Structure formats: C-alpha cells, structure tokens
C-alpha cells in the first residue's frame, strides 16, 4: 500500500496504488484507496483495508452530517481536527493490529491566495496532525521510496498534468522498491487511482490519462 | 374527562399552526419545489434530510428545528447502517408520524408544527416524486400533487388546484406557487428544489440573483 | 370516578375506530383473503407477520403500524429461538391481546385500532384457517369464517353472512368481499392473500394488472 | 384547562420581564454596542459568549446568569470539538431558543428573561453584524438594526427607530442609545462593545474615565 | 392558579422572615461588623465562609444552617481546585442566589431565610468592603453601606441610615449598630468582625469580657 | 394553598404530641436527670446516645425510636471517624433538627414527636449541662435549667419554675421532678441519669429497689 | 472445507463439499455448507461448522426481518454491509477459536446489464469485503488449490452447465490436494452440493446432475 | 530528604532540609518540606515531593473545613486519626511509587501540664501511628543518622534555642552521611527550614537564626 | 525537543526548537512548541508532539473558560495548579508512552515589584511543580546541555535582547550536543521560535531578529 499527495500551482493531486496483500500472498489487484470525502477534500488511508474503508465511510458521513445540521461545511481546521480525533480513538485497536494511517488533501476556499490554497495534512501514529509545507507527502509501506523520489522530481511540477505525472512516477518507484505496492499492470490494464482537487472541486482522473502516463514512464525507464 | 382535554389540546395545536407563515411544496418536471414565506435570512424552514429527501415545515421554529435534527440523525444512521440507497422518504415520514403522535399524546404541550417529507427518484431513474404530509397528532397523508402548510390553507389550496399543471417547468411552477401564496417579493421568500437531475445530492437553494432572474 | 374514566376511554376508542376505513378478512379455498379500502399506495394496512401468519388492522395508522412492528419482532425472535414451525398465529394473537390491554389500561390515550391475525396450514398439510380479532381493550375472539373491522361493520357483516360460502374460489371470494365492502375500483383497494399452496411464505400481494383482471 | 395554564404562565413571564431595567443592543460601524441600566457594579447583564459573540439579557438575574453560563459552556465545548471559527451566533441563539422553550413548557416556573445574542465579523472580513432576540417561550427573531429588552420597550424602540443611523461612530451611537433609553448618568450604566477591529476577542467593556469622556 | 400559588408561597416566606430576630451588617474602618440578636450561646447566626468572606442570616435556623454548610463546602472545594485567592464573596453570593431560587421554585416549602455575604480586602490591600443580600426567592442585591435582615426592617434601616458614619471605629460602629437595632445588653447579642488587618483569616468573634468592655 | 397544608399539618402534629405522656429533663449537681411516665418496662422513652450524651422523647413510639436509632448510628460513626471526644450534643441536636424539618416538610405524615438531647461535661472537667429541645417541625432551642415534653406542659413548667433549685442533690431533684409531673408511683415511671462522675459512660438507669429506696 | 463460487454469463453458481473433520478424525460425511439465504442470494461459510450454521441462520433471519419490516428488500450493498458487520463482530470470538469465513454469491436484479448481474463477494478476517472481478472465488482450507484450478479452467465457462462442471472439478482438485476436503464418495453416493442463481431466483442443483458430472470427471482423470 | 522533630520543655521544634533529587541528579535546592497545618500543628512529609505537597495542602484544607463547619477545632486525637486515614488511603498508590510518610508535631492546648504539652507523632507505611515518648523522631531517607545523632545530643536540649541547635546538628549529620539530604549551602545561602510550636502558637524560625546556628556547627566541626 | 526559558530584568523569554523525530528519522522541520496561552503567560510542552498540542490547546481553553465564566482571570497560583492537575491526570498515559512535560513562563501582573514579576515554573513526571528561582529552566531531550550552557551565559543577561540571545545560544548548544534537537537551518531558513513576556503582554518574536542572532552566533563559533 502506498498513497502519495502533492501540491501544484492552483491545486493538489493525490494518487494511490491498487494492490492489497495478506502476508506475501496477493489478494486484491484493483483496490481503491483514494476517496473523495467532500467537494474540496480527498482522503487516503493506508494499512488494513477494512479499517481504511471504515474510516473513509465514517469520516464522509460525519462531514455530511455536520453540513446538513448546521447548513455550512466545516472549515479545513475543523475537518483536520475531526480526522485527528478519529485517528486518536483507534489507537487501542491499532495496538491490536487494526492500524490505519490517513493522509488528507484539500483545497481551502477561504484562503487568501487561490494559487496556494492546496493543503496536505499528515497524521502520525499518536493522532497528531501536521500541515506539510514541503509540497508532498506519502503514506504506506513504500512511503519512504515515494517521498525520496518526489524530493528529486518535485522541481518539474508546473501544472496539474506535471503534478499527476510526478505522482505516478513516485508510485512507480515505490512499487519498484517495495513488494507490497502494486505497479502499473500492463497485462491486466490496472493502474493507480488519482484525484485532482482545484477551484472547480475534486474530480477522479480518468484511467486513460493515467494509463498513458504510466506507459510513457515505463518506456522511459526501459 | 380525556375527550375534553384532548379536544382542547388539538385546538391549541391548530391555533398555533394557524398563526404561522404558509409553505407550499409542489412537484414539477425536474423534481420538487419548496416555496415558503420567510422574512428572515438565517432561520430557514426548508432543508435537506438526505441525498434525495427534503423537508419542509410550518409552525413554531424551535419545535420543527428539533424534528429536523432528529430526522437528519435518523437518516444518517440508517444510511451508514445499511446503505445510502436503502433510505427512503417513506421511512422518514413514518418516523416523523410516530414521533409527533407520541409527542402529542405524552408531552405537556403539543408541537404546533406541520411537516412535509419529499422524495425524488435517483439519478438516471424515472419515478413520480412523493410528498408526505404529517400533522400535529401524527396523521400521515400522501399528497400526489402539492402540499400546503400553515395559515389559512384553503385559499392557497384552491388557487393551486385551479393553477397546477403536471410536468410544468421550474419557472412556471415557481410562478404558480408564488401566485397561489399571494392569494411575494424576492426577499421574504425561501425557495428550494429537490432536483432529480443531480448526481447524488438533489437539494439546492435558489437565492439571490438566480432567484431574482428566474422569477 | 374510575368507572367514569374507563367508560369515557372506551367511548373515545370506539369513536376512533368508528371513523375509519373497513377491512374484511375471509377464508377461502386457497387460504385467507384480506381486502381493505385504502386510497394510499404507500401506507399499507395489510402485512405479513410470519411464514404462515398474516396481519390486518383498522384504525389510527401509526398505532397499528407500531403494533405490526412489535409483532414482527416477537415472531422473528421466537422463530429463531426455537424453530420457524413453532410460531403460530395464536401466540401472536395472545401477545397482541396483552399489549393492547396494557396500553388501554395504563397509557394516556388508548390505541384506536382493531387487529386481525390470520393463520393457514403449512405446505402439504390440511387445516382450517384461523382468524383472531383483537379489540382496543385487549379482548380476543376466535372468528371461524370472517372478520370485519372499522367503520360501521353491521351492514358489512350482514352482507357477508348472507353471501358467504365456504371453499369459494379466489375470484368469487374477492367478488363477495368487494360487494360487502361497497355496501370499489382497482385503485383505493388493497388485496392480499395467505395462500396455503406456497412452499414456505404464504403471504402474497395482488395489486395492479393482476387485481384489475381478476376483479 | 391546559390552555388557561399556558396563558397564565405567559402572563407571569411577561409581568416578570416588564418590571425590570431595559437593555439596548445596536449595531454601529465598529461592531455592536450594548447599553444597559445597571446600578450595580458587580452584577453584569452584558457578557462575552465567544471570540466574536456577545450576550445581553433582561429580567431575573439568576436565571439569565444560569443561561449565560450554559451558553459559555456550549460555546467552549463546540470550539474545542471542531474549531474556533466554527462557532457562530446563530448556533448559540438556536440553543438558547430550544432551552428556553423547554424551560417554559416543562419547568415549574417559567424563566422571566429575554436574551439577545450578537455576532460581528472576523478580523480582516466584512459582514453585517447579526442580532438575535430570544423570548421566554423560546421564540427567536432576527433583528437587523437594534434590539430592545425589558421594561416598556415601545417608547425606547420608537426613539431608536427615529434616531437610528447606520454606520454611525461609537460616540454618536452611544448618544443615540442613551437618549432612547432615557425616554442616564455615567454611573448606573453598563456599556460594552463587540469591536470588529480586534484581532481575536471582540468583547470590550467601556467603564470609568473612558465612559465619562466618551459620553 | 400558578400565580396564586407563587403569591401564596411568597407571602409564606415573607411572613417567616418577619417573625424573626434582626441582624445588622455594617462596614467600618477596620472591615465589616455583624451584630445579631441571639439569646442562644450555642446556635450562631454569624459565621465564617472563607478567609476574607463572612456570612450572616435571619430566619429559620435549620435552613440557613444548611445553606451555611453548603456555602462552606463550595468555598473550600473552589479554593482547593484553583487557589485560595480565587475565592470571592461574589461567587458565594451567586451560588446562594441560584440555590435559593431553585429551592423557592421546586421545593415543597420555601426557605424562610434572608442571607448576607460580606467580603473584605486581602492583607496589605485597599478595597471597599462588599455586602450582598439574598432574599427567599433568590433575588440578589449589592448593598454598599449596610444590610438589615429579619423582623420589621423599616425603623432599623432608618436609624442606621441617619446614624451611619463612614470610616467609623469599631467601638463607635458597635454603639451605632446596637442603638439602631434597639428601635441590648452584653448577653443576647452575637458580635463578629471581618477585620482586614488580620494576616490570613479575617473572621473573629467578640464575646464575653471584650464585648462588655467595648459595649 | 401551601399555608393551608402547613397549618393542618402543624395542628395534626400538635394534637398527636398532646395525647402523650410527659417527660422532664432537669439539671442537678451530678449531671442530668430524666423522669418520664412509662408504665411499660420494655418500651423506653429514655436512652443513651453517646458517652456523655443522652436522649429523651415524647410522642409516637415508633417514630422517636427510629430517630433514636438514627442518632445512635450518627454518633457512633462520628466518634469512629474522628474521635470520641469530638462528639457533642450540639451536633446531634443539629442533625435531629435537620431530619425533623425534612420529615415535616416532605413526608406524608409528620412525626408526632418532641425530642430532648442532654450533654454533660467529661470526667474531671467542669461545665454546665446543656439541654436542647427539638420540636416536630425542626425548631431547636437551648434550655438552661429544665425541659418539659408531651401532654399539657403548662402545669409542669410552672411547678418546675417555682420549685427548681440549682445544684440540688439527686434525691431533691427526683422529688421535685415527680411532684411537678404529678401536677406517680415507683412503677409507671422511668428514671435515668447522665452522671458527670462516671469515667467514660455517663448514662445510668435507676429502677427497682434502688428507685424505691431513692424515692 | 472448501466452497467455490463462479460467475457465468447470466448468473452465478456456488458449490461446497460435504466433509467435516475434527483434528484428523472424520466426523461428518454429509454436511451442507451452502445455504440459499434469500431468493437471489446464496451464502457459504467455511470454518467451524457450528459457527457456520449459526451465521447462516442469523443472516437469513436478519434479511427476512428487514424485508418484512420495511416491505422492500435490501439492496446488494446493504446485504454485503450486514454480513461484513457480523464478520467484524465475530473477530473477538474468531481469535478465541470460533472462526468463520463467509463467501456471498448473488444476482443483482437492479443491475443495468442482465448478462453481468452476478456478483461474488469475499470477506477477510478483519471484516473487509471485496467484490471479485476475476469471475471466481473460493474459501476454506483447500481454497488455494480450488482457485488455482479455476484459474486454468475458467476459459471453458460459457453457460450454467459448463460453470457447474468447472466448479465441481475445482472441488475435486481441492479434495485431491487437501485432506480436510471430501471428494465425491462413490461408495456412499454423497456428492458436493450446489446452488445456481439466475434471473428466476436461486435453485438447488439436484444430486443426480452433480453425480453425473463427478462421475464424468473421475473417469476423465483415470 | 530528612525531617526531624523534637520536644523541649514547653514546646516542640521541627526542621527539614531543602534538597530534592531525581535519581543522582539534583533538581531542587530550596524545597520547603515543613508546613504549618494549623495554629498548633505542623506536618512534614518525606518521599515524593508532589505527593508531599498534595497531602500537606489536603490535610490543612480538611482541618480548616472541619473547624469552620463544626465551630470548634479537632482534638489532637482527631487530627491524628484523619492523618492516619489519609496515609492509609495512599497505600495502593504508594506501591506504585507515590510513597509518602508524614511526621506530625503539635502542642496540645487541652493537656493538663503546659510544660509537657508538646507531642510528636510518627506514621508507618500501613497507616499506623505512634506518639513518640523518647522526645525525638525523624523521617526520610537519612532518618537513621538523624535519630542516632539526636540519641546522643538530646541531653543538651533545655529550651527552644537548644532544641533548634540540636535539630540543625541532626540534619547536618544526616546530610553528612547521606547524599539525598542537602547540607547547609554556604555558597548560595540556603539553610534548613524550621518551625517552633509553643503555647503562643506555631511560628517559622527566621533564616538568620538558622544560618547562625549552621555556621557555628560548621566551624565547630572544622 | 528542547525548550528554554529565562528571566531578564523586567520580563521573561521562552524559546524552542523546530525538529520532530520518530526514532532516528526526521519527520518535522518547522514544528512550533511554544504557545502564548494568555496575555501574560506562555507554555512549552516537550515530549510527544500530539500530546503537546493537545495539552496546549486544552490548557488555553480552560483558562479562557474560567475567565469568561467568572469575569476575572485566574491568579498565577491558580494557573499553576490547573497545569499541575493536567500533568497529574496524564500519568497513566505517560506510563503508556504518551508523555508530556510542560514548562510555564509568565508575568505576575499582581506582583509588587515590576522588575521581578517574571515567573518560571517547572513540572516533574509526578505533577509536582517548582517556581525556579535561579532565573532559567529548560525541558526536553537536550535540557541538560541547555541548562549547563545557560549556567555559564546567564551573567550576560541584562535586558530583553540579551536574554533572547542567551536563549538562542542555549538552544544552539543543545542542538549541537543532541541529535534530536534541530539547530538553525541556514539552508531552509528555519529558526527557533521565541515568545517575550513583559508588562505590555506576551508577543511572538519576529523571525528576522532570531535569524540575525542565530547567524551571529554561528559566525562567532566558526
């Protein structure tokens, strides 16, 4: 499992792989680990797949419940606080093996400069949260390789397409160095999922663009 | 005797509902349209219950606001327990009817409110919009065309009956609803729609310049 | 006086059922037939309780709906605890009688409903269908032929008594039921059958084209 | 009859509120200004609820002091749960309306209080200040310009309506408020402001030499 | 009628207060002086609440003894939780007001007690002593000069008002208090002082030979 | 009316107290002497509470027996918690006043009892014996010389006022008490003493041949 | 224990063996492990036999209870969620020794394309569920052998009978490689049980058809 | 830490050091371990500093609370009983490291002879208390050396000044033979604190007198 | 983590570093560990970052809640007691790894002499507190090196500027001798945070002044 998130001028992009394993045995080849929680937020959870799905569903329900009750969506700080509280509440179960690491990407509509409204938030094992200012973050078993690839490739990010390509390349590197991360499958045609958030909202990237990017990267490294 | 006390309680609830602003909910081609006379900008009588389920009320604000919160809490829990598509407007109307009946029978003062739960079809699906009206005592009725709430409802009901046309457009439906409600201006009006063309969440408010231009 | 209060409460309940639609449940060759006059398409006064046990009611909707839910909860729990074949209509009738008696005696307002619990034989088994009528005060009566509920039941009961015939086919039974209830069209009619020929679940609704053709 | 009890409770609450000092909350260019007739120096009828939310009340002291403490407890808990910028005056007004209605309906004696919740914009943000008035029965209203509480409010309201000027300075607004309240001295006045130009906390008391010089 | 019940309850409480001994609390140069008409040597109507906070009462002994115990328990807990210097007489007066309002509204019989809470400044500080008076219904008032409790307080208050002298000595203040309370000997008087000159605990009883010498 | 209920509850308690045997508790040189009219030998109206604290009562037996047991339970717990010498008759009298006031206010029938608590000095210490009288409504008073309870108390009170002599021996005090109580024999009397000369436990009963010889 | 499930054009089929053992001792030779929960759903449960029967009965009761109360059956997602909830709630007892792994086969009547309305859902130990898109799944001790056989034999599936034959052959391979799975008992005449779900509902396959298929497979492998 | 107490004709004196450590590291140089609980009783608590401060504060609060409620102060036996109950309530926490032993000094105003009204009470770990009849007591990590020094020096105690000098000498010996007790620091001018209780009440000894006594002792032992 | 605090004539200053690590891995480079709790108080929490943020937020909320309710802020002793209670309540979580050590700097506005109104309070693991009278204190993993550097540098503190310079130099030494404390990053431009409290209140020191001081110290040690 590996989920990367990175800012580009005017928005944020967030991508995730598709493999889920039980030990060394591959059990799922098309798992979706990036979820669009609200119109301007996307969360991705690494670790146990069941806990990831549970947290995603519960967090989306919580945000929608607050919005329906009060007639106004939470500020980004409120969403961060709710996610951090949910992470803190699972610490006892995480000690029992039901561990889940979330990574949150968003677009702050109330920010002053719209070009710098993208926000990346990372949570640690104790429930604390940190708003990353380096422009990229990653979670999962292959997070270190992905982050070290983004450190070198982040100078090339200029727009949404470049950010998506850099995210796909980072996921490819993580899969290259880690066995629990699934790389682009050219045989079955299964590719990493991605979500792009900008001023118009959050949209799922169609699989065609990701497929072309992955094929270009693969031919580049051959 | 219980009969005299119950009649006085019903009269109290009816008098409370009567001295209140009127609400109209009518089905049109795109879904359901809620039009209420609301001078206030912050206190709102029309809200979303769930993806395709909307709520309208007439009466004392705190009471139907409490009912709205309870219905939202029920709908969210039901959606999380089984699935989003397993929540229907019929279940919410039934819960509201049971709650209002219990409140009327057991509470010290009955709720002087009248509710309407509206439901539209899902995306890419055809189904006639459903409107349910719940009174103070818990009686539940299915209105196929339009619901009128609060105040003297007879003139607005007759005006709608004469002027209503099935499968009308949004502008035509708003004109009919406003004309029946007059028997108002852009301000002191709250207009909302359950739009069956939305992908997931059908509720949408029509306020400001869009309301001014459309009306 | 306590007796004055009890008589006033009984009169309140009697008037409550009096101003309500009528339901007729009658035994025919294939099992039990429930026929009610119900304009609403979503509110259902006839429902299943268990595999061979069906339920009908007349009165205030939310009250007998609550009774319906409680009876289903009791039946499913009892079946899971021992077996599906250990649940009978007699047990449900008795628990309804106790519940209704307690509500009538203790609750602030008595339930303005009358219930009918019907049971048919199991598959490949011969047994005369059983009908139990349960009143607002908890009184339970075993009716061998037919049960009439709600409204002015004297003319309907007399018409059924003059026109009833045992082992009548489904079409003849429906004709007799509609004739007795009129003293109606496809709409504003609710028709259901406990059909003893079904393998496990006997309850089946007859609505739409099938009801239009058969009637 | 229960309606007699309800009208007697309303009359008791109205009599209690009327025999009390008057409070005026009016919006001026820099925010919201609270002026109360308070001879005492220790008991306060004007207080801060949250960073941009202020509170005023008229009536029995201990009752609205209890409500003040409850509102502060609610606001701090809500701000800790989500964020400071998620607490608004509308939510506090709704909570106050709900609790006041519950007290009026269920408690042994109705609360003889009238509350005003005021909200100003955040730092570096433009927004018209909001004023909400909540009465003993739970009725909640939005006042766009000014709120008058306690005593004979008709002459004070008429004087304010005659002399009100939007976007007035602090000194002009205080002069208008004092003139309307008279129909007093430097002492026996409680003056406070929600100042929209403050970075985080808007509430600020104007007492002593500053009040002497400005008035 | 509920209003009749409230007026009868208030009349009972007022009658209970009237048929009682009189207590005077007056501020003098050294602090606060309490003088009460108490023939009993063991039952005391003047007591210490906290280091600089004293308590006086008039009415039924068991009731204000219970209030005294509750106030002491509150003050010690509040001082332990935060600090000794965080406890002030205003907090105790507010707690007494809320408690007495709750007792008056909810209890079967109202408390026939009239309370005074007095506070002096800390060591090496200058601050005018504060006196708060709490009535049977929970009303709270700030008395700047003196408090008179129990019995017919009009002549006593008039005599104190005419004879009051600010910054009077302990002997002169005691003489004035006894002379005003007459409208008594060394016995049948309870005399206590909150002395601002004491290091930590200000309360001190003046009984026996010392009281006879000063008197 | 609260006043109506209290006066028909006070006269009920007074009538219950009046039709009861009289008890006298008077101080003498050696301590305190209790003399009561009690024909029964097993049911006793005079008892020990603690080492130097004795208890006497007049009224309905089961009620003041319950109060006696409660006082003993309080005294033993208080002595265990801090020390035996921290228990005083004043605290027990205060507890009795609290309990009796609560019973009078809240219970369905007030206790028709009249209590007296007596305390003497410790061993090798001089101190005047203290007597506290607690009435049915919780009123507590301090008596310096003697207490008369139950029955028509005016003749006994006058006789004691005329004949009481301070520092009288046990024989003189017993003779005076019996003479005043008459206005009978060795039987139908209960006599007990709180003897200040005892080392730890002061209470001592005088019955049988000893009472025959002493009287 | 081994339960296989596979989709064919126009429906789904679910098959299960009959042997139940404790330790190395054979205790049951005719256990039925595949249940028809609803009109269009079938559930198999592997693990302890007692827990399997209990969960099957309780799941059927829950679904019928909801259908009776609301007058409308749950959608497929609702049924999946309820089964996953029971699986999650059994985790504490599963760690104690009463493990139960369910496999759900269904036919979605609300599906857009009737030819692809069959659905197979598998649940892991943590309660997470996954909708198989490869067309087949298996649970039990011999699940790996059955899946690896179906991987080769799934190209032959073109209709109901071919799918049934493939499922029976997969069960035969699972029994051939794993001693806890019972094969076709020709001496006693006990054969695996099967359920076929299509537009007309869920129907039990009669023992004669499975007997013929098993005999043909046995003669083929001889 | 070390807290000593000793009776002299007409009263009692009680002294305590100032050092507080966390292992071998010195963290506090001016800790006050001797408190005046009320006008005639002083209490000093050895062990954990936090627990000592908490118990001192709570005991003073309880004594003043009883005095205010009942209108008369507790007897000496009552105060001893309350302190013993407080000690007994801490046993479960004491087994976890929150250990604290108090030493109580008092002047019984209700005693017949004023010349022998001083009282010293020592408590053990199980809440038991004992009124010392040898005239001196000590608690703390260095209590053994202090007691063995007072056993020799107690013949010189004849008034308040002699008792104070003996107490300071005992604390000096305890600090000399034990590294957890702080001796008189002539560099920083920090000296042990003392409380003297007699018929006039309990008063704190001014630092000048204790400094003079400590300097005299140091010059005598040089 | 390392947080230093020191008094200067007329006020107090509190500084803290920016590094956050989990083991040997650097995860945060711009963490803020010093918060302005009230107008005249500032607290720094060392240890787990999540618990640090939680305690800071909760302590500020509690103080402001009391001020709003009673109309008057707590005295300094009250604030100290509330923080000590918070620390004591966290003993169970601290034994489970969620340790948090607070250090409180404040300005006693009720103090007699304004030139000595600065206050520094340190807490131990058992909830006990001590008002430092040496003029300086430090918490964190590098607290020993920081304290030993301030012990030598405190003779140069004469005003706010000198105190700030000494605090920055102490942080530099702590980061020099300890790998878990981050020094001034001249590459990324990340410098320690500081808060200065005087009679006018508590203000955050601008980054420019701290950057100048850090650069001066760096070139001095070159």
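In this document, chain identifiers A, B, C, D, E, F, G, H and I correspond to the written order of the chains, with residue numbering beginning at 1 in each.
By definition in this document, a residue touches a chain if its C-beta (ideal position, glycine included) is under 8 Å from a C-beta of that chain, and two chains touch if they have at least 3 such contacts.
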item: Shared interface partners, meaning chains that touch chain B and chain I; value: A, D
item: Topological distance between chain E and chain I, in contact steps; value: 1
item: Rotation angle superposing chain C onto its copy chain F by C-alpha atoms, nearest 5 degrees; value: 155
item: Distance between chain centroids, defined by C-alpha means - chain D, chain E (Å); value: 33
item: CA centroid of chain C to CA centroid of chain H, Å; value: 87
item: Euclidean distance of C-alpha centroids - chain D vs chain F, Å; value: 59
item: Geometric centre distance via CA averages, chain H-chain A, whole Å; value: 63
item: Two or more partner chains touched - positions in chain A; value: none
item: Chain-chain contacts as defined at top; value: A-B, A-D, A-G, A-I, B-C, B-D, B-G, C-G, D-E, D-I, E-F, E-H, E-I, F-H, H-I
item: Residue numbers on chain F that touch chain H, as the complex places them; value: 81-83, 85-86, 88, 91
item: Residue ranges of chain E in contact with chain D within the complex; value: 1-3, 6, 90, 94, 97-98, 101, 105-106, 130, 132, 138-142
item: Residues of chain G defined as touching chain A within the complex; value: 84, 88, 124, 126-128, 130, 133
item: Complex interface listing, chain I residues touching chain D; value: 57-58, 61, 64-65, 68-69, 71
item: Residues on chain E engaged by chain F in the complex (per definition of touch); value: 5, 8-9, 11-12, 40-43, 60-63, 65-66, 107-110
